[PDB]
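Asks: For now just these chains, pulled out of the complex without moving them:
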Amino acid sequence: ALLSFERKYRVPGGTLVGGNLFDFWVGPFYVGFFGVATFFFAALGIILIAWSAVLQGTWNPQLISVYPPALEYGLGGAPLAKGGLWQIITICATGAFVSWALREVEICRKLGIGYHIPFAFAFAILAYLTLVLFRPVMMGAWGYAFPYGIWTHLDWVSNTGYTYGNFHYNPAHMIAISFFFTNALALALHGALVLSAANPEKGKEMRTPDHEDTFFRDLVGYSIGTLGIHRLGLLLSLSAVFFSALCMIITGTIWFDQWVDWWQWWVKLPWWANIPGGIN
Amino acid sequence: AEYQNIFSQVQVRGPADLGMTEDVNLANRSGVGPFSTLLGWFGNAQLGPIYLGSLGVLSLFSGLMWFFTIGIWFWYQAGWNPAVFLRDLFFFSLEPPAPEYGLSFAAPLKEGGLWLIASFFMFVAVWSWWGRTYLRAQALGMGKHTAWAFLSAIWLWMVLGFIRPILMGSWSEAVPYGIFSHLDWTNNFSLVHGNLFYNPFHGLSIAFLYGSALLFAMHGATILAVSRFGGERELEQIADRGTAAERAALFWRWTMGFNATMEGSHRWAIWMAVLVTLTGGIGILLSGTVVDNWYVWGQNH
């Protein structure tokens, strides 16, 4: 039921809504008001999916899929079986994500820590909302949103990208990929540093942050520092998801032609446009 | 405005830190570089010293010999004209030898031999640097984690440029050196193999790539949230658990019903990231050597 040092923290207080009404745990799990919110929204959502299942016709998870209203419905409702179930599941998902965060805030207040986790989570929620609400709204239809199925959402990724040619040429999608890759770089590095300090050569004693700084300076002439690295992971992470939302918010809205062609602005600059030679 | 530990409010500076001496040969460490106040708001202000032994110079040199090779070629392709160079920078490309030459080193300089030269320079740059990775750690008596993890990155790179081209019988199968062209290469590789979305190793690899952003967001945020109890002093929190590590475990355990240890979290971390390139490289390595078409392969697993 409890970790060996847990009791002293399990105190009353922290809640954002309802005072002591939902102030309790179930096994390891805290339970906000927002614990109840997330259960309700999630369970409803799941039921609606087990359901949308039987109306499309399966009980197999690689097949089950739930599509948004088709393009013709615009921004309006749609019969349950013809995409409104999706509309409602979306409301339910948003329901559960935002609650999960707010629940996180409550756990933070109880533990007396900072809000950095739920804040970070919020960037993920905003990426999702970009795909299922902000992009589709600015575009006229729930039909541009992606559908809920393990393999079908990949179909969507692929149709949406190839509609603009090779999606690589989306410049914001380029910044975003840099961030993902750099993040995974920093994550491998961070993990291996700390671990190579705590599990040194063998029979040898634990190294120190000075060793960690020293190792990095030896290797590359610089070392960000144990505070820095954690400031950096966070930034690299969130930046990646930020530019992800940017690269799709702008696609189908301010830019809708072949992304490759956008680069023509650079090459067509007066001082070098007409000069001959090179690739162009 | 409750404060967040994202930027330092006050920087503090002391005598330059020349670092720990362990079995390191101090003869090869430079002297300290300058102190960047800019850097200093976010992390450490100190630049250097850097250690540059013989293997370091080798790496830094062939490395520098990998980047002028591509660059003279890019400059040729520009017809020596500097405004063209800038204009067409992302367009230039150093392509490998055509399929006719298989694995032969014969192909003319201007039409594939330069590719091989740059590739050669790159090969010795990367492996010598890998050595550097292990050796700086040995001299410090530290574990070999960094080198093992770096090996995982090397795997993908090895497989794309070297192992896969060999197994497929030609250098034409390898990746060009250009910004746009390596992107084209990538899209085309997918098209020709029946769409990498059907490659289960591609999926795994995405899973860990996204997973890395998830974990590092979690981790970074967690450490910053308990930085009011010294949480970033992770090594000592490993040796003698404080309230920082307790309050962090317990946010996760109240949130999602299970948690990490200060040390453990770093194991999740090293593995999450490493598995991106581990799975990725396998997936590429099997493409065209064993599976011509992931769709097709998928229809039978």
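Replies: Ah, there it is. Numbers count the residues shown, from 1 in each chain, chains lettered A, B, ... in the order given.
Asks: Count residues in the vicinity of residue A:13, would you?
Replies: Residues contacting residue A:13 under the criterion other Cβ atoms under 10 Å in any protein chain shown number 11. Just so you know, the C-beta spots here come from the backbone N, C-alpha and C atoms, and that holds for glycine as well.
Asks: Confirm that it sits in a strand.
Replies: No: counting by DSSP: H, G, I helix; E, B strand; the rest coil, residue A:13 is not found in a strand; it is coil.
Asks: who touches residue A:25 in this structure?
Replies: A:10, A:31, B:254 (Cβ atoms under 8 Å, 6 or more residues apart in numbering or on different chains).
Asks: Among those residues, which are located in helices?
Replies: Among the contacts of residue A:25, the members falling in helices are residue B:254 (criterion: DSSP state H).
Asks: Can you select the buried ones from the contacts of residue A:25 in ChimeraX?
Replies: Paste this into ChimeraX to select the buried members of the contacts of residue A:25, with burial taken from 16 or more other Cβ atoms under 10 Å in any protein chain shown:
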select /A:31 /B:254
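Asks: Present the contacts of residue A:25 as a markdown table; the columns should include distance to residue A:165.
Replies: Formatted as a markdown table, those follow (distance: Cβ to Cβ, whole Å):
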| residue | distance to residue A:165 |
| --- | --- |
| A:10 | 56 |
| A:31 | 49 |
| B:254 | 47 |
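Asks: Could you identify the helix or strand that succeeds the host helix or strand of residue A:211?
Replies: For residue A:211, the host element (DSSP states H and E) is helix A:209-220. Using DSSP H and E, the helix or strand that follows helix A:209-220 in sequence is helix A:228-249.
Asks: Show me where the stretch 201-301 of chain B has its helices.
Replies: B:234-239, B:243-256, B:262-285, B:294-298 (DSSP state H, counting those that start in this stretch).
Asks: Of those helices, give the one that comes closest to residue B:191.
Replies: Closest of the helices of the stretch 201-301 of chain B to residue B:191 is helix B:294-298, at 11.3 Å (criterion: Cβ to Cβ).
Asks: what sits against the residue of chain A found nearest chain B?
Replies: Distances between chain A and chain B by Cβ to the nearest Cβ are smallest at residue A:228, namely 2.6 Å. Applying Cβ under 8 Å, 6+ apart to residue A:228 gives the contacts B:42-44.
Asks: so what are the domain limits for the chain?
Replies: Unless you meant another one, I'm taking chain A. A:1-163, A:164-263 (curated CATH domains).
Asks: um, chain B though
Replies: Using curated CATH domains, chain B is parsed into the domains B:1-143, B:144-301.
Asks: Chain C goes on too:
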Amino acid sequence: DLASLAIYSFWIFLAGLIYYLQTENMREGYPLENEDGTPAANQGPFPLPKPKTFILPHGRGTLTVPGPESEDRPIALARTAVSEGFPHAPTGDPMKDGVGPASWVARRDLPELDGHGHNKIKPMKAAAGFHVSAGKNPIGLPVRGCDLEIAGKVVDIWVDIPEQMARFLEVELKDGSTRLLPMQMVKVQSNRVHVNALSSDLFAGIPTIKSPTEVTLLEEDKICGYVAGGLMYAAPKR
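Replies: This next block brings in chain C, placed alongside the chains you saw above:
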């Protein structure tokens, strides 16, 4: 077929990895306990790992985990409900008693040492060559708590020597005694330092340190503990 051999092997290797990882992460806080300290019945499907031993570097000893677990300290709370899973009410003043978000751990009563075996953290005044290099120097600023009353004045900064970073402000009280505030819980502005966690009357309550030129891990916990706790517990006076 070789590629379905590869993917099958991988799922197996990945299951073994999650196993290794999850058990690695049980070297603290396990075995699980009931709210009263006794070993719980459902320990979960993962067994504890075989012990490992870190060698500590400055004659400072060993750590071996998993190992016998204990708070090594009284926990002034009592149950508020008749079954598992509810809050435990503070039986006293929770700030004073070190519970809730005012909790501290019974870490070692010595200081963290750098790689050279010196104290990791010193007040700047005894840190050779150390000075503020950028941003508003807090030293001499009045310190203001959340009641908007002045609780004292900054008299130095304690610095992490090897990482060259501010870790605490040393603050003086009407008294003439000082306390450490954690650097991360203060806002340095141009005419004051603002502390939202604590109200002017709670400063004297901040746990004090035994020597004026060093802090032990145990003392850092009590201090950090205490000021974070004020965000919940000073909220009436805020």
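Asks: Take the neighbour count of residue A:13 again, chain C included.
Replies: For residue A:13, the count of nearby residues is 19 (other Cβ under 10 Å).
Asks: go on, residue C:38?
Replies: 9.
Asks: next one: residue C:17
Replies: Other residues close to residue C:17 by other Cβ under 10 Å number 14.
Asks: Now name the helix or strand holding it.
Replies: Going by DSSP H and E, residue C:17 is part of helix C:2-24.
Asks: Tell me how far that helix lies from the chain's centre.
Replies: 36 Å (Cα atoms, centre = their mean, to the nearest Å).
Asks: Following the top helix by length along chain B in sequence, what is the next regular element?
Replies: As assigned by DSSP H, the longest helix anywhere in chain B is helix B:113-140. For helix B:113-140, the succeeding helix or strand toward the C-terminus, using DSSP H and E, is helix B:145-158.
Asks: export whatever helix or strand comes next after that following helix as CSV, just CAs?
Replies: Sequence order places helix B:164-167 as the next helix or strand after helix B:145-158, per DSSP H and E. Written as CSV, here are the backbone C-alpha positions of helix B:164-167 (Å, rounded to 0.1, in the frame of the first residue of the first chain):
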residue,chain,number,x,y,z
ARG,B,164,23.7,-2.2,-45.7
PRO,B,165,25.5,-0.9,-48.8
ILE,B,166,28.0,-3.8,-48.5
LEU,B,167,25.4,-6.5,-47.9
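Asks: what separates the residue of chain C found nearest chain A from residue C:84, distance-wise?
Replies: Closest residue of chain C to chain A, Cβ to the nearest Cβ: residue C:101 (2.6 Å). As judged by Cβ to Cβ, to the nearest Å, residue C:101 and residue C:84 stand 22 Å apart.
Asks: Just say helix, strand or coil for the closest residue to residue A:72 other than its chain neighbours.
Replies: Distance criterion Cβ to Cβ, 6 or more residues apart in numbering or on different chains; nearest residue to residue A:72, sequence neighbours excluded, is residue A:143 at 7.8 Å. Assigned with three-state DSSP, residue A:143 falls in the helix class.
Asks: Around residue A:143, how many other residues sit close by?
Replies: As a burial measure, residue A:143 scores 19 neighbours (other Cβ under 10 Å).
Asks: List the residues that contact it.
Replies: A:68-73, A:83, A:136.
Asks: quick one, what contacts the nearest residue to residue B:53 once chain neighbours are set aside?
Replies: Distance criterion Cβ to Cβ, 6+ apart; nearest residue to residue B:53, sequence neighbours excluded, is residue B:28 at 4.6 Å. Residues near residue B:28 by Cβ under 8 Å, 6+ apart: B:51-53, B:56.
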